[PDB]
Structure formats: structure tokens, C-alpha cells
Undergrad: 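After the C-alpha cells below, expect a handful of questions from me.
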Amino acid sequence: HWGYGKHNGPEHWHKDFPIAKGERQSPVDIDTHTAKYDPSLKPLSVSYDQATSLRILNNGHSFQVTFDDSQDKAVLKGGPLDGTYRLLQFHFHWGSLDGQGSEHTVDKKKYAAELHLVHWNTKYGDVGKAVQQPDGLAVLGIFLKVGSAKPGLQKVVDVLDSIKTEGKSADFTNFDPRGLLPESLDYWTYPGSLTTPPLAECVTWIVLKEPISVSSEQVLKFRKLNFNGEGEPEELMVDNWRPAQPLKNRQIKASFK
Ligand SMILES: NS(=O)(=O)c1ccc(CCN(Cc2ccc3ccccc3c2)C(=O)CN(CCC(=O)O)CCc2ccccc2)cc1
Ligand SMILES: [Zn+2]
């Protein structure tokens, strides 16, 4: 099965998922001097006040926090998007060292990690139908750098001990994802894909320019998770990121000058 090792990592994924070599794959390098300011882009609307978190889970390739998406509770609108996108889950990608771990890069710079808030377009009724559409999902991507702690992340960090290995989950109610957002909503946007199998080309990417800072102790807790299930040889869950893919016939748009 697919993963991030030498024999099953991103350079192998195209064999099971040939769209891996497609025309709108993610992530990409964001060349800040070539991205064009688009004054027709609207402010992003992030409406998370009624978010209802449900569970936190180790799925063998990351950890994710899932939300109730059976009603318009936590939604993303505006920016480049048409219509209403409901928050389904968030998860992270991170490195073995602070100089790598993000999926998107900025002028080839890699951050220590990247947060993905995954939303689906309610005009398609369910996420499984949305993944089959070119505008079915919107992922809000936020870079993490190591410095000061992020207080809004600590409740996540403190439960990771309870989901060390693949398959483990725990109750994770009343978590407020607004605590993970930087001050500015300035962003870059481009049409792309899921960055893990099935690599479906269904994502409007919205990548915030401002990173959040997390502490060394917080990221070290990410690096203590395991890719393996309980009972198997321990392989630390680190470097669970796909590298930048060819931009091909796409333009990256900036919301800001
Ligand atoms: N990094 S990212 O770009 O933000 C990024 C963001 C989001 C994803 C989603 C990947 N995904 C779907 C999938 C689809 C096909 C696959 C085929 C082979 C291998 C894996 C696959 C994964 C899942 O996690 C599993 N579904 C969760 C819901 C959903 O589909 O979202 C379960 C489908 C299911 C099954 C039973 C009950 C409920 C739901 C990837 C990358
Ligand atoms: Zn992701």
C-alpha cells in the first residue's frame, strides 16, 4: 500500500493512481514574483463559530480531526469560491527536521509543517460526489514555522499520546479550529488536487501567506506518532509530505499586493 517510504512513497503513487502525473496536481511551489494579484478576488469568509468537532484519528498517514458536516455549521465561502463549502476535517503534514515538512513551498522555501482544513461544496450533496468534480473541494492550507507556541494547538498536541498508532481514535469534541488561524487571510489560490491518494483533481487550493508559529515541543509531539499499527515495528510518522509537482498550464493568483 501507498505511503512515504522509499518503496511506496510519492514517486511510486502513479502506478496505482495514474492521475499523479496529471495536469493539475498538488502541491506546487508558489513563486511569489510570478503570482499575479487578482483584484477581482474577494475576501475569504471563514465562518467557524458553530464548528462541531467529533473525533481525532491516526489513519496511518497523518492524524485528523473530523467535524459534523451534516449541516452548514463551519463553512468557507468567498475568495475564489462559488457557493458554500463545509468543513469536514483538518490534518497536518510535517517533517523529521524543522527545515522540511510542508507540501506547498514559497520561493522553494519549505516550512516545518502544513495544516490542511478540508471543505466540500454543498451543491454536490456529499463529499464522495464532490471529489468527482473539478470544483468539489476547497482546502485551506496554512504553513507552520517553529518559534513560539500556538496555544490553540495545545489541546491537539496533548491527546496525540492516545492515538500513537494507525487505527486509533479518540473523542475530540468542542475543539475550536479558529485557534489555528493566523491574523491575516491574505492568500494565494490555484486549481489543484488532493495531495494523497486518490490524488483527485477536485480541489480549489487557498494557501495563506502568513504562517502560524508553533513551538519545538509541539512539533516534537507530532514526530512521536507512528505510521505502523500497534504490534508492528515502530516507524515514526515523519516526512508525510508530497513534494511540489509541475505547475503546467496554471496561474497562481494572489489576493493581495
Ligand atoms: N492533503 S489534502 O489534499 O488536503 C487531502 C484531503 C482529503 C483527502 C481525502 C482522502 N480520502 C478519500 C479516498 C478516496 C479513495 C481512495 C482510494 C484509494 C486510497 C485512498 C483513498 C482515499 C480519505 O481520507 C477517506 N475518505 C474520507 C472521506 C473523503 O473522501 O474525503 C473515506 C471514503 C469513505 C469510505 C467509507 C466511509 C466514509 C468515507 C485526501 C487528501
Ligand atoms: Zn493534506
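In listed order, ligands and their atoms are each counted from 1. Here, residue 1 is the first one in the sequence, and each next residue gets the next number.
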Undergrad: Would you say atom 6 (C) of ligand 1 has a protein heavy atom nearer than 4.0 Å?
TA: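 Yes, there is a protein heavy atom closer to it than 4.0 Å.
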Undergrad: Under 4.0 angstrom from atom 27 (C) of ligand 1, is there any protein heavy atom?
TA: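 No, there is no protein heavy atom closer to it than 4.0 Å.
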Undergrad: Could you walk me through whether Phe92 and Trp241 pass ring-ring contact (aromatic ring centres under 6.0 Å, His included), step by step?
TA: CA-CA 9 Å; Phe92 299 80; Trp241 48 277; over 10 Å; no
Undergrad: Which one holds for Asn59 and ligand 1: side chain close, backbone close, both close, or neither close, with close meaning a heavy atom under 4.0 Å?
TA: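 Neither; no heavy atom under 4.0 Å.
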Undergrad: Please say whether the positively charged group of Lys73, taken as NZ for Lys or CZ for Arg, lies over the ring of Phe67, i.e. under 6.0 angstrom from the six-membered ring centre and within 45 degrees of the axis.
TA: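 No cation-pi geometry.
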Undergrad: Out of all atoms in ligand 1, which are within 4.0 Å of some heavy atom of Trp205? Include the element for each.
TA: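 Heavy-atom distances to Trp205 below 4.0 Å select 3 (O).
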Undergrad: Protein heavy-atom contact under 4.0 Å for atom 23 (C) of ligand 1?
TA: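 Under 4.0 Å from atom 23 (C) of ligand 1, zero protein heavy atoms found.
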Undergrad: Please state which option from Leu194, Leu137, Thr195 has its nearest heavy atom closest to atom 8 (C) of ligand 1.
TA: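 Residue with the shortest heavy-atom distance to the ligand atom: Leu194.
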Undergrad: Under 4.0 Å from atom 15 (C) of ligand 1, do we find at least one protein heavy atom?
TA: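 Yes, at least one protein heavy atom sits under 4.0 Å from atom 15 (C) of ligand 1.
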Undergrad: Please state which part of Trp120 comes within less than 4.0 Å of ligand 1, counting heavy atoms only: side chain, backbone, both or neither.
TA: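 Neither; nothing of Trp120 gets under 4.0 Å from ligand 1.
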Undergrad: Which atoms of ligand 1 sit under 4.0 Å from any heavy atom of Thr196?
TA: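 Taking each heavy atom of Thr196 in turn, ligand 1 has 40 (C), 41 (C) under 4.0 Å.
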Undergrad: Within the 4.5 Å heavy-atom criterion, are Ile30 and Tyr190 side-chain neighbours or not?
TA: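 No - every pair of side-chain heavy atoms lies 4.5 Å or more apart.
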Undergrad: Less than 4.0 Å from atom 3 (O) of ligand 1, is there any heavy atom belonging to the protein?
TA: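 Within 4.0 Å: yes, protein heavy atom nearby.
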Undergrad: Can you sort out which atoms of ligand 1 are near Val118, meaning under 4.0 Å from one of its heavy atoms?
TA: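 By the 4.0 Å cutoff, the relevant atoms are 4 (O), 6 (C).
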Undergrad: Indicate, as side chain, backbone, both or neither, the part of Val127 found under 4.0 angstrom from ligand 1 when only non-hydrogen atoms are considered.
TA: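 Just the side chain.
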Undergrad: Does even one non-hydrogen atom of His91 get within less than 4.0 Å of ligand 1?
TA: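 In this structure, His91 qualifies as a contact of ligand 1 - some heavy atom is under 4.0 Å.
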Undergrad: Does the distance from a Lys or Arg side-chain N to an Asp or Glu carboxylate O, for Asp161 and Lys168, drop under 4.0 Å?
TA: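 Not counted as a salt bridge, because no side-chain N and carboxylate O are separated by less than 4.0 Å.
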Undergrad: Let me see the working for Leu194 and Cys202 under side chain to side chain contact (heavy atoms under 4.5 Å, CB included), right down to the final yes or no.
TA: CA-CA 7 Å; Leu194 303 175; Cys202 61; 4.1 Å; yes
Undergrad: Which atoms form the tightest heavy-atom contact between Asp239 and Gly95, and what is the distance?
TA: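 Here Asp239 and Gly95 meet closest at OD1-CA, 3.2 Å.
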Undergrad: Only one of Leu57, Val65, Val118 forms a side chain to side chain contact (heavy atoms under 4.5 Å, CB included) with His91, so which one is it?
TA: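 Looking at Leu57, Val65, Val118, the match for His91 under the side chain to side chain contact (heavy atoms under 4.5 Å, CB included) is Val118.
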Undergrad: Any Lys/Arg nitrogen of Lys221 or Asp158 sitting under 4.0 Å from an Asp/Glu carboxylate oxygen of the other?
TA: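 Answer for the salt bridge query: no.
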Undergrad: Do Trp94 and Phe63 have their ring centres less than 6.0 Å from each other?
TA: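 Centroid distance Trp94-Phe63: below 6.0 Å, so yes.
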Undergrad: With respect to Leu181, which candidate in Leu117, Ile212, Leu115 satisfies the side chain to side chain contact (heavy atoms under 4.5 Å, CB included) definition?
TA: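 The option that passes is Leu117.
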Undergrad: Give the contacting part of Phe90 toward ligand 1: side chain, backbone, both or neither, where contact means a heavy-atom distance below 4.0 Å.
TA: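 The answer is neither; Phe90 stays 4.0 Å or more away.
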Undergrad: Is there at least one protein heavy-atom neighbour under 4.0 Å from atom 37 (C) of ligand 1?
TA: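 When distances to the protein are checked, atom 37 (C) of ligand 1 has no heavy atom within 4.0 Å.
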Undergrad: Counting only heavy atoms, tell me which of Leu88, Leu57, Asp16 gets closest to atom 31 (O) of ligand 1.
TA: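 Shortest heavy-atom distance from atom 31 (O) of ligand 1: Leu88.
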Undergrad: Please check: side-chain N/O of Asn228 versus main-chain N/O of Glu235, any donor-acceptor pairing under 3.5 Å?
TA: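 A pair under 3.5 Å: yes.
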Undergrad: Enumerate the atoms of ligand 1 whose separation from the nearest heavy atom of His93 is less than 4.0 angstrom.
TA: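 With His93 as reference, the close atoms of ligand 1 come out as 1 (N).
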Undergrad: Within a distance under 4.0 Å of any heavy atom of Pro197, pick out the atoms of ligand 1 and give their elements.
TA: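 Close to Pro197: 20 (C), 21 (C), 22 (C).
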Undergrad: At their closest point, which heavy atom of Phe143 faces which heavy atom of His104, and how far apart are they?
TA: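 That closest heavy-atom pairing would be CE2-O, 3.4 Å.
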Undergrad: Please could you name the atoms of ligand 1 that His116 approaches to less than 4.0 Å, counting only its heavy atoms?
TA: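 Those qualifying, in numeric order: 1 (N), 2 (S), 4 (O).
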Undergrad: Counting each atom of ligand 1 from 1 as listed, which ones have a heavy atom of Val139 under 4.0 Å away?
TA: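 Counting from 1, the qualifying ligand atoms are 4 (O).
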Undergrad: Would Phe92 count as a contact of ligand 1 if the rule is a heavy atom under 4.0 Å away?
TA: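 Flag not set, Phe92 not near ligand 1.
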Undergrad: Starting from atom 12 (C) of ligand 1, which protein heavy atom do you reach first, and at what distance in Å?
TA: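 Here the nearest protein heavy atom works out to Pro198 CD, 4.3 Å.
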